[PDB]
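S.K.: Submitted below is the structure of interest, expressed as structure tokens.
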Amino acid sequence: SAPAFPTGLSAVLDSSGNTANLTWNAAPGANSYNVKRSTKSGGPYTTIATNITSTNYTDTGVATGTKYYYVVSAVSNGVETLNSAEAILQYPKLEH
């Protein structure tokens, strides 16, 4: 009876630590998404973007060097869903 909600959220820095690049799995039923952020694990979260219609978002507002935590929700025929499971901001994996 709950509408479906975003899952699989990943929040990855670019290699300069300047931006946070989010990606998540689409929520069946969604028209758009809300991106939310906290400086501490578990929130409360602060909304940073609304009316996002793709399954990705770049958060350019992070302080370089600071840990952040994110969740994303969907808005589905005007009804906001649960927030996703939390993603911990991380640098990308170094390859090879």
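Here's how to read the names in the structure tokens: chain A, B, ... by the order shown, residue numbers from 1 in each chain, ligand numbers from 1 in the order shown.
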Excluding same-chain residues fewer than 5 positions from residue 77 in chain A, what lies within 12 Å of it counting only C-alpha atoms, as a JSON list (two decimals) with N, CA and C atoms, in the first residue's frame?
M.R.:
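Heads up, here's the output in selection-v8.json:
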```json
[["chain", "number", "residue", "atom", "x", "y", "z"],
["A", 3, "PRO", "N", 3.35, 3.56, -1.74],
["A", 3, "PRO", "CA", 4.01, 3.69, -3.05],
["A", 3, "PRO", "C", 5.46, 3.28, -3.04],
["A", 4, "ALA", "N", 5.93, 2.89, -4.21],
["A", 4, "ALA", "CA", 7.33, 2.45, -4.31],
["A", 4, "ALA", "C", 8.20, 3.68, -4.07],
["A", 28, "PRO", "N", 8.93, 3.04, -9.54],
["A", 28, "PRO", "CA", 7.68, 2.95, -10.28],
["A", 28, "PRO", "C", 6.67, 3.86, -9.59],
["A", 29, "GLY", "N", 5.93, 4.61, -10.43],
["A", 29, "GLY", "CA", 5.01, 5.59, -9.94],
["A", 29, "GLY", "C", 5.48, 7.02, -9.86],
["A", 30, "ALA", "N", 6.80, 7.19, -9.88],
["A", 30, "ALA", "CA", 7.34, 8.53, -9.74],
["A", 30, "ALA", "C", 7.10, 9.44, -10.93],
["A", 31, "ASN", "N", 6.86, 10.70, -10.58],
["A", 31, "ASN", "CA", 6.94, 11.85, -11.50],
["A", 31, "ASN", "C", 8.20, 12.68, -11.35],
["A", 32, "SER", "N", 8.73, 12.68, -10.12],
["A", 32, "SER", "CA", 9.96, 13.41, -9.83],
["A", 32, "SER", "C", 10.52, 12.90, -8.52],
["A", 33, "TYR", "N", 11.68, 13.49, -8.15],
["A", 33, "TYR", "CA", 12.44, 13.10, -6.97],
["A", 33, "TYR", "C", 12.87, 14.33, -6.19]]
```
S.K.: Within 8 Å of residue 42 in chain A, counting only C-alpha atoms, which residues qualify if same-chain residues fewer than 4 places away don't, as a PyMOL selection string?
M.R.: chain A and resi 38+69+86
S.K.: Would you compute the distance between CA of residue 89 in chain A and CA of residue 27 in chain A? Give it in Å to one decimal.
M.R.: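 Value for the CA of residue 89 in chain A-CA of residue 27 in chain A distance: 21.5 Å.
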S.K.: Which of these, A:95, A:90, A:40, A:8, has the shortest distance to residue 64 in chain A once you count only C-alpha atoms?
M.R.: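 So, comparing all the options, the nearest one is A:90.
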S.K.: Just the residues within 7 Å of range 52-63 of chain A, please, counting only C-alpha atoms, with nothing from its chain fewer than 5 positions along; format it as a list in words.
M.R.: residues 18, 19, 20, 21, 22, 23, 24, 25, 26, 31, 32, 33 and 34 of chain A
S.K.: Using only C-alpha atoms, which of the listed residues (A:71, A:88, A:82, A:35) sits closest to residue 12 in chain A?
M.R.: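 When distances to residue 12 in chain A are compared using only C-alpha atoms, the smallest one comes from A:88.
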S.K.: Could you write out, as an MDAnalysis selection string, all the residues of chain A that DSSP marks as strand (DSSP E or B)?
M.R.: chainID A and resid 7:13 20:25 32:38 46:52 56:59 69:76 79:80 87:88 90
S.K.: Take the selection from the previous step and output its residues with N, CA and C atoms, as a short mmCIF file (atom, residue, chain, number, x, y, z; two decimals), in the first residue's frame.
M.R.:
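Everything below was put into out-v7.cif:
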```cif
data_model
loop_
_atom_site.label_atom_id
_atom_site.label_comp_id
_atom_site.auth_asym_id
_atom_site.auth_seq_id
_atom_site.Cartn_x
_atom_site.Cartn_y
_atom_site.Cartn_z
N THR A 7 15.53 3.39 -4.39
CA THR A 7 16.51 2.50 -3.70
C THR A 7 17.78 2.54 -4.45
N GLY A 8 18.78 1.87 -3.87
CA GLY A 8 20.08 1.83 -4.44
C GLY A 8 20.89 3.11 -4.61
N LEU A 9 20.61 4.07 -3.72
CA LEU A 9 21.29 5.36 -3.80
C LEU A 9 22.79 5.23 -3.56
N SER A 10 23.56 5.86 -4.45
CA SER A 10 25.03 5.96 -4.40
C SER A 10 25.42 7.44 -4.45
N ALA A 11 26.31 7.94 -3.59
CA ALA A 11 26.78 9.33 -3.61
C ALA A 11 28.32 9.34 -3.68
N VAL A 12 28.84 9.70 -4.84
CA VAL A 12 30.25 9.55 -5.12
C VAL A 12 30.81 10.90 -5.45
N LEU A 13 31.90 11.27 -4.79
CA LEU A 13 32.65 12.50 -5.20
C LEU A 13 33.32 12.38 -6.53
N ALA A 20 29.32 16.11 -5.49
CA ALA A 20 28.74 14.77 -5.12
C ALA A 20 27.79 14.35 -6.20
N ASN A 21 28.08 13.18 -6.77
CA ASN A 21 27.35 12.66 -7.91
C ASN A 21 26.51 11.52 -7.41
N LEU A 22 25.19 11.76 -7.41
CA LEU A 22 24.19 10.79 -6.95
C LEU A 22 23.53 10.04 -8.07
N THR A 23 23.24 8.77 -7.84
CA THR A 23 22.50 7.95 -8.77
C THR A 23 21.63 7.01 -7.94
N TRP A 24 20.43 6.71 -8.43
CA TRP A 24 19.55 5.83 -7.73
C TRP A 24 18.66 5.07 -8.77
N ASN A 25 18.07 3.99 -8.29
CA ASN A 25 17.06 3.25 -8.99
C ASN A 25 15.73 3.98 -9.00
N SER A 32 8.73 12.68 -10.12
CA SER A 32 9.96 13.41 -9.83
C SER A 32 10.52 12.90 -8.52
N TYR A 33 11.68 13.49 -8.15
CA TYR A 33 12.44 13.10 -6.97
C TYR A 33 12.87 14.33 -6.19
N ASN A 34 12.98 14.10 -4.89
CA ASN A 34 13.58 15.06 -3.89
C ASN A 34 14.89 14.50 -3.37
N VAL A 35 15.91 15.30 -3.45
CA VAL A 35 17.27 14.97 -2.96
C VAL A 35 17.48 15.65 -1.60
N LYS A 36 17.97 14.89 -0.61
CA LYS A 36 18.06 15.41 0.79
C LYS A 36 19.43 15.01 1.31
N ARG A 37 19.94 15.78 2.25
CA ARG A 37 21.32 15.68 2.73
C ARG A 37 21.42 16.03 4.20
N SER A 38 22.38 15.40 4.87
CA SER A 38 22.72 15.62 6.28
C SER A 38 24.26 15.55 6.49
N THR A 46 18.06 17.59 5.26
CA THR A 46 17.71 18.86 4.67
C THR A 46 17.48 18.70 3.15
N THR A 47 16.35 19.15 2.66
CA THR A 47 16.10 19.03 1.22
C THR A 47 17.08 19.96 0.52
N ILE A 48 17.80 19.44 -0.45
CA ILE A 48 18.60 20.28 -1.33
C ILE A 48 18.12 20.47 -2.75
N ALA A 49 17.26 19.61 -3.29
CA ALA A 49 16.71 19.78 -4.60
C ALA A 49 15.35 19.11 -4.69
N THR A 50 14.44 19.72 -5.48
CA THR A 50 13.11 19.17 -5.72
C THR A 50 12.83 19.18 -7.21
N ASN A 51 11.78 18.44 -7.59
CA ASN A 51 11.38 18.38 -9.01
C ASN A 51 12.51 17.90 -9.95
N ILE A 52 13.24 16.91 -9.45
CA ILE A 52 14.25 16.27 -10.24
C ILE A 52 13.61 15.15 -11.01
N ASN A 56 19.39 10.84 -11.32
CA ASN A 56 20.73 11.25 -10.93
C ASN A 56 20.72 12.73 -10.61
N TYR A 57 21.70 13.16 -9.79
CA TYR A 57 21.78 14.55 -9.41
C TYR A 57 23.19 14.84 -8.99
N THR A 58 23.71 16.01 -9.36
CA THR A 58 25.01 16.49 -8.87
C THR A 58 24.84 17.57 -7.83
N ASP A 59 25.33 17.34 -6.64
CA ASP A 59 25.26 18.24 -5.55
C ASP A 59 26.57 19.06 -5.50
N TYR A 69 25.67 12.65 4.05
CA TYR A 69 24.80 11.50 3.95
C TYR A 69 23.58 11.95 3.21
N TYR A 70 23.10 11.09 2.33
CA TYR A 70 21.98 11.50 1.46
C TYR A 70 20.91 10.46 1.46
N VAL A 71 19.70 10.92 1.21
CA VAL A 71 18.55 10.10 0.85
C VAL A 71 17.82 10.81 -0.24
N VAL A 72 17.05 10.01 -1.04
CA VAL A 72 16.20 10.53 -2.10
C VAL A 72 14.81 9.95 -1.94
N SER A 73 13.79 10.77 -2.19
CA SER A 73 12.39 10.31 -2.19
C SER A 73 11.80 10.60 -3.56
N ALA A 74 10.66 9.96 -3.83
CA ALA A 74 9.93 10.23 -5.03
C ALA A 74 8.70 10.96 -4.72
N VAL A 75 8.18 11.62 -5.74
CA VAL A 75 6.84 12.22 -5.63
C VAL A 75 6.02 11.57 -6.74
N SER A 76 4.90 10.95 -6.35
CA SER A 76 4.18 10.00 -7.21
C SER A 76 2.73 10.37 -7.18
N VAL A 79 2.10 12.50 -4.23
CA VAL A 79 2.30 11.92 -2.93
C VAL A 79 3.80 11.66 -2.77
N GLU A 80 4.42 12.25 -1.74
CA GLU A 80 5.86 12.01 -1.49
C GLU A 80 5.99 10.65 -0.82
N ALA A 87 22.73 6.89 1.69
CA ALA A 87 24.01 6.73 1.01
C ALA A 87 25.02 7.60 1.73
N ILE A 88 26.23 7.06 1.96
CA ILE A 88 27.36 7.78 2.55
C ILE A 88 28.25 8.31 1.44
N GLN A 90 31.23 9.26 -0.61
CA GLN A 90 32.59 8.65 -0.70
C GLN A 90 33.32 9.05 -1.92
#
```
S.K.: What is the distance, in Å and to one decimal place, between CA of residue 65 in chain A and CA of residue 17 in chain A?
M.R.: 6.8 Å
S.K.: Identify which of the residues A:16, A:45, A:39, A:67 lies closest to residue 83 in chain A, counting only C-alpha atoms when measuring atom-to-atom distances.
M.R.: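 Once distances to residue 83 in chain A are computed over only C-alpha atoms, the minimum belongs to A:45.
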S.K.: So how far away is CA of residue 14 in chain A from CA of residue 93 in chain A, in Å?
M.R.: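 Between CA of residue 93 in chain A and CA of residue 14 in chain A the gap works out to 10.6 Å.
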